[PDB]
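Chains as they are written, first to last, in the authors' numbering: chain A, 1 to 69, 75 to 93, 101 to 128, 132 to 396; chain A', 1 to 69, 75 to 93, 101 to 128, 132 to 396; chain A'', 1 to 69, 75 to 93, 101 to 128, 132 to 396. A prime marks a further copy of an entry chain.
For every residue, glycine included, the Cβ atom is placed at its ideal position computed from N, Cα and C.
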Amino acid sequence: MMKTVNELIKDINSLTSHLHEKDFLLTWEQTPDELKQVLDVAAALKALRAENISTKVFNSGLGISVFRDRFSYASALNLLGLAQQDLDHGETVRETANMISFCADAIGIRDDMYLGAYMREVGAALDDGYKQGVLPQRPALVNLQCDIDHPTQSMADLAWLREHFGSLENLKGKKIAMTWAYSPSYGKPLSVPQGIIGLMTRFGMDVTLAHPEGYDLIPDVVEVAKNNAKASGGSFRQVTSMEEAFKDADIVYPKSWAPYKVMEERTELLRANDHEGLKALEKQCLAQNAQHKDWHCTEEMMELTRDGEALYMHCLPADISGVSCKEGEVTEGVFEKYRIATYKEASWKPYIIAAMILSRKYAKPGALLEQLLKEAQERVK
Amino acid sequence: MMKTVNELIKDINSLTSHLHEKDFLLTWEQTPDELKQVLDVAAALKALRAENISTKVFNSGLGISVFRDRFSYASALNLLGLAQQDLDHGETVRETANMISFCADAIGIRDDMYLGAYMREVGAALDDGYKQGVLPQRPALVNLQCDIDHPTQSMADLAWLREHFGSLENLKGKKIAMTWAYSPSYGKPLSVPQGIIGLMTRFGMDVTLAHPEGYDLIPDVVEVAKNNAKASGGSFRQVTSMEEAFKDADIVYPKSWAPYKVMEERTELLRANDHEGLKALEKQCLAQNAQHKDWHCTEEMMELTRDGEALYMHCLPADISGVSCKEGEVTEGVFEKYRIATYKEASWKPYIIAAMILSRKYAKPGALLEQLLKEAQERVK
Amino acid sequence: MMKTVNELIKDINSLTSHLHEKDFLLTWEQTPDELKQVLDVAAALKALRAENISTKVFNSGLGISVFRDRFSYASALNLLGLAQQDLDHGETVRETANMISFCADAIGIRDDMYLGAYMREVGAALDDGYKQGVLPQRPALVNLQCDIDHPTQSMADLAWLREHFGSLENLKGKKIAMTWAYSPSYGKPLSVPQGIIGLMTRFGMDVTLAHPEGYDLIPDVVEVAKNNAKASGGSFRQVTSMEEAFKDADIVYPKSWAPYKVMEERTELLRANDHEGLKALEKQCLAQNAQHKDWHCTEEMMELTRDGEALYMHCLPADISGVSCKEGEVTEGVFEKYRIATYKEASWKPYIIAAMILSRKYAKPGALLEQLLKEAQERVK
C-alpha cells in the first residue's frame, strides 16, 4: 500500500540515527532507533517491491563480495541497481579495500576465521581512500557474517518475528529457545546463536540458550545478552538440555555450531595448509558431536512448546534427517509443517541487506523512499 | 522494421496459448499455437534488437542458473533486463527452489542426470511458494537441457530453419537427417537428437534418424516422433547408416551422443564419487565409439545430399577433425563452408530463451511487444 | 565541472582518429591523436562520474571476459551499462569469438601465452560475423594484457602521470626509471615494462630501463622505444643497475618480470600438462631470481631520486616485503608513503578501458559525451 509505506516513512523520519557515519558490524553497537531504522526501511522496500514499484537507486555501480573461507547479498544489490562482482589476505586488506572500491558502492564480507579486526580495517581503509580523494564514494560495508555476529541473519530473523507476531511490542514476554542441534557437518560458526541472543535480548524477550557441555558461546557475547535483557525488561537464561529450553517456548531456533576452540584450531591449520591436520580435526569433531545426536528437533520436542505449536526458525539450508543427511537438526515432518515459515524468514534477508546499504548512504533514508514511492516506476513492464 | 514487428504482433495476438500457466519443459507437451508463439516472439525480439530498440522488460530482478552436472541464457536474461546469478541435490530441490527465488524472475536448469522429475519438482515448489505468498512472483522456469529434451536448442534450430527456408510451410516435405557422428568425448546427452526428432516431426518434415547399433534413443521419444509425423503429414524413418540418411537430404544434423545405458551408469557412479569406476567407464566407451569413427561429416558425405548442398546444422561447439581434435564429427573444410550457417543457427538461442520467459510471464506477449515497439527506447545511446 | 568536460569535448572533437575502424591492441600501433583521444575521453568519463552524472550508454548488452591463463574491466563495463560474463583454444578462437558475441558489445582478453596472433584472429572473426550479418554489432575488443603489451595498464599510468604532473607537455624532460624488482613469484609477464617503455618514449620523456642480466625485454619492443624517443624528442637508455636508473629520477616504476625465454618454456609445458616440468621450472627460476633480491625499492633507493622524492609507481598488487611476503619489490615504509599515489594510479584503469570501448563504438566520442553531459542523468538517486 501507498498508505503502509507512507506510515513507514513517517516512522523512519522520526528516528535518530548515525548509521550514515559508521559501519553496521555488530547489532549491539547500534542504538534501538538505528536497529528500528533498518527494520522499517527493509519493510518499506519489501512493500514497494511487492506492488511492482522499482527501488532502483543506482544507475551504475558495483557491489563487491569478499569471502574469507549465498543469494541474499546479490539479491539486495540488484534490488537497488548495483551489479555484483566477487573477489577471487589479512595482511593486505587495506590495499585490497581501495583496489576493489573505485566503482563500488557496497562491499559485502563473509568471514569464517577465528583468532580473537578485518572488517574494521576495511572500513578504516575505505575512510582513508575517500578522505584522500582516491574513492569518489565511500562504499557501504556489509557484514555477511563474522566470528562474532551475523547481523544480516539476526535482523532478518527479527523482521520476520515482527511480521509474524504483528509488532515489536508483541515480542515482549515471548520465550525464544536458541538451542544447539546436531549436524553431520563439523565447524559451523558461532555467529548465528551469538547474533540471536545478542539481538533478541534487546526487545524484552525471554531468551533461553541451550547447548551440550563444551559448546559455550564467546563469553563477551553472553555478557552482552545478559546486560541487554536487564535494560530491555527481558530475561536471559542458560540451560543444559534442549527439552528445558523448548518447554513453554513461543519460538524455537535449533541450530548446530562448533565450539569456538574448535573454530580456532580449524582456522590455524587452514592458514597453514595442513590438510592432514584438518581431516584429523574433522574426524574428532564428528565424534564429539555424535554423542549429542539427541539434540534433534522432532515432533516429540515440538509437543513440549507452547500449545505444542511454537514458531520453528532456522536459516536455510537446514540439515533435515533422512533427506539432506541420515541424522540432522530437524526431522522431515517438522520441517514440512514449518517450511513456509522458514521461507518467509529467509525472504527478509535481501531487504535487510539493502536497508543497511541505504542506511549508510543516506542520512535520511525516509526521504529516498518517499521519492521512490512518488516516482512509482514499475519494476516489470 | 516497424512493419515486420507489427505483423508479428498480429500473428501472436491471434494465437491460443496457455504457456502462461505452465512450464515449457518438453516441446511435445506444447500445442502448435504455443510453439508458434515462442517462435514469433523470439522473431520480434530479434528484429527489435537488430534496429537498436530496447527490449528491457525488468528494471531489476535475477535469473538464476542451476547446473546438475553456455552464453545463451545469460544473453537472454540481459536482453530482458535481468541479472544472472549462478548456483554454486534432488532430495532438497524443493527448499532450494524457494531459497533462490525471492528476487528471481527466471530460473534456468541444465540437467545431465539419467535415472528414469527434477524440473517438475522445481515448478511445483515455485507454485507453492507463490500461492502461499512466500514468492512475490512465480519465476519462469527454463529447461536448459534435460535427459529427455533440449527445447531451447531444438526451438532455436527450428527458428533458424524457418528463417533459412523462409517459412514453416516451406518446411513441409523437406528431408532432415538427424544422424550420429563420431566424438572423442564420451558421454554426450541424448537430449539433442531426441529434441530434434520430437520437434521436427511436427511440421510435416521427412525426418530420418540414423545411428550405429546400440545408440538407440529413448523408446518413448521415438514413439512421439512416429506419432507426430502421422498427424502433421510428415514421415519418420530409422536407418543404420549415415549415407542412407544423407542421401537426397535437404538438411543434415550430424552430432554425437552416448547410449542411454551409458549415461545411466555414468550418473550412478557420478553420484557415488567412484572416480576409478568413471575412468574405467570412460576408457570403455572411447573404445566402443572408435569403431564408428567413420560416422564423419566429410565433403564426400555432403556430395550425397540434395544437389550436394544440404544445409549443415550443429549446435556449437562442434568437434572439428584436425582442429579441435584428431578425429571428430565434421571436417575442417565442411565446417568452413557452413560456418556462417551454424553461427546464425546459434544466434537464435538467446531470443528463444527470452521468448520462453516472456511467454510464461505474460498471457499476451503481443501486448508487451507492441508497448516496447511504441516506446522505441534505444538500446545504445 | 561542466566547464572541464566542455573543454575536454572540444579537445576530443578536434582530434583525428580512426580507432572506430580498428582494435587497440598495441599503443605503438596508434597515432598520437588516437592516444590523446582515449586519455581525454577517460578524463571526461572520470569527471562525469565524480559529479554523479551517469555515463550509461547501453541499456542492455554483454561484455565478455576471456582468460588465456581483476576488477578494472568489470568496472568499465558497468560504468557504461554493460553486464560482465566470463568465459569458463587458439585453434578454435574464431568459432568461439562468434559464439560469445551475439549479444556482446565488448570482449576483454587477458593472454599469458608466449610463443612468438590470438587477438588479431578474434578481431578478424568479429569482422567476419558482423560483415556476414551474424553479429548485429561488432564488439569492441579490449587487450587486457598480452605477451607484448599491456595498453590498459600503460595508458592508465600515463593518464595518472598527466594528472599528477598537470599536463602532457609537463612530461617532456621528466626522467622515468622502469626497473626490474625482486619477486618471490616467478613467471610475471614482460607486458608491463614493454608497455611502459613503448608508450612513455612517445612523450619526450627520458626513459631509463634497468634489469639484471638475462631479463632482457623482447628486442622488437626495445627498438620501438628507441625509435619513439628519437621522434618525440625524448631519450631511451638501458642500464645494468637499479641505482643507476633511480639517480635523479622523477618517476620510478620498479616491478618484477620473468625472462621471455622462461615464459616460453612455461607456456610449452602449460600446454602439455607437464605438472612435474612446471614445479621443476618454478624451482629453478626462484633460484635465478633470488640472486637479485637486492633489486628492492627501499627508502635508501628513493633517497637517490630527484630531491629524494620521485613519484613511485606500481600496478597493484605489489609484493611488499614483510607484509605480502618475506622479501619483495618494495618495503612497507616506501609503500605506506606512496600508497595514495598507487591507488590514484590504479583508479584510472576503468576509465581508460571504458574510453577504449567508446572509441571503437563511436567515430566521434565527443558527441556522445556532450549528450551525456546535457542529459545529466544522476548515477545515484
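Alpha carbon to alpha carbon, how far is A/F180 from A/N6? A/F180 and A/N6 have their C-alpha atoms spaced approximately 22 Å apart.
What is the DSSP secondary structure of A'/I233, counted as helix, strand or coil? coil
Please list the segments of the beta strand (DSSP E) lying wholly inside the stretch 180 to 208 of chain A'', counting only runs of 3 or more residues, in order along the chain. You should have 190 to 194.
If you draw a straight line from the alpha carbon of A/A370 to that of A/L388, how long is it in whole angstroms? 16 Å
Please list the segments of the beta strand (DSSP E) lying wholly inside the stretch 304 to 339 of chain A'', counting only runs of 3 or more residues, in order along the chain. none
If A'/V66 sits next to A'/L92, beta carbons under 8 Å apart, how far is it from one beta carbon to the other, in whole angstroms? 5 Å
For the candidate residues A/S206, A/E385, A/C300 and A/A260, whose alpha-carbon lies nearest to that of A/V236? A/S206
Contact under 9 Å by Cβ, A''/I266 with A''/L176: Result yes, Cβ atoms of A''/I266 and A''/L176 sit closer than 9 Å.
Roughly how many whole angstroms lie between the Cα atoms of A'/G249 and A'/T31? 17 Å
Mind checking whether A'/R252 and A'/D221 have CB atoms under 9 Å apart? yes
For my contact list, residue 70 of chain A'' and A''/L84 are in at a C-beta cut-off of 8 Å; report their separation, rounded to the angstrom. In the model shown, chain A'' runs from 69 to 75 with nothing in between, leaving residue 70 of chain A'' without coordinates.
Please report the straight-line C-alpha distance between A'/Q90 and A''/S54, rounded to a whole angstrom. 25 Å
Taking buried to mean at least 16 other C-beta atoms within 10 Å of its own C-beta, is A''/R106 buried or exposed? buried
Mind checking residue 130 of chain A'': buried by the 16 CB within 10 Å criterion, or exposed? Position 128 is followed directly by 132 in chain A'', which means residue 130 of chain A'' is not present among the coordinates.
Contacts around A'/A139, its chain only, beta-carbon distance under 6 Å, and the 5 residues preceding and following it disregarded: none
Just to confirm before moving on: does the CB-CB distance between A'/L156 and A'/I112 stay below 9 Å? no
Assuming contact is defined by CB atoms lying nearer than 9 Å, are A''/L15 and A''/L384 in contact in what I supplied? Contact check for A''/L15 against A''/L384 fails: the beta carbons are separated by 9 Å or more.
Can A/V338 and A/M317 be called in contact, C-beta distance under 9 Å? Not in contact: A/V338 and A/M317 (Cβ atoms no closer than 9 Å).
For A'/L150, the nearest candidate out of A/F58, A/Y145, A/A356 and A/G219 (CA to CA): A/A356
Going along chain A in order, which residues have a C-beta closer than 8 Å to the C-beta of A''/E393? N59
A''/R135 classed as buried or exposed, judged by whether at least 16 other C-beta atoms fall within 10 angstroms: exposed
Below 9 Å between beta carbons: does that hold for A'/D124 and A'/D69? yes
List, in chain order, every chain A residue whose beta-carbon is nearer than 7 Å to that of A'/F67. Residues of chain A passing the Cβ test: none, with the nearest at roughly 14 Å.
Can you tell me which residues form a DSSP beta bridge with A/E393? A/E393 is bridged by DSSP to A/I53.
Nearest-angstrom Cα separation, counted from A'/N243 out to A''/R49: 58 Å
Residue environment, A/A287, which counts as buried when at least 16 other CB atoms sit within 10 Å: exposed
Going by C-alpha distance, which of A/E21, A/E103, A/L25 and A/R75 is nearest A''/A333? Closest by alpha carbon: A/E103.
Rounded to whole angstroms, what is the Cα-Cα separation between A/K341 and A/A192? About 25 Å.
Can you check whether the CB of A'/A273 is closer than 9 Å to the CB of A'/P204? yes
Option in A/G188, A/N13 and A/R153 with minimal Cα separation from A/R321: Checked all of A/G188, A/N13 and A/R153; the closest Cα to A/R321 is A/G188.
Of all the CB atoms in chain A, is at least one closer than 9 Å to the CB of A'/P274? no
Partner residues on chain A'' for A'/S54, Cβ-Cβ distance less than 8 Å: Within chain A'', the C-beta atoms nearer than 8 Å to that of A'/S54 come from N59 and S60, in chain order.
Chain A'' residues whose Cβ lies nearer than 9 Å to that of A/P269: In chain order: nothing, as chain A'' lies at least about 39 Å away.
Taking the straight line between their C-alpha atoms, what separation do you get for A/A47 and A/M1? Taking the straight line from one Cα to the other gives about 7 Å.
Helix, strand or coil at A'/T255 [DSSP, three-state]: coil
Where does A/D23 land, buried or exposed, given buried means 16+ other C-beta within 10 angstroms? buried
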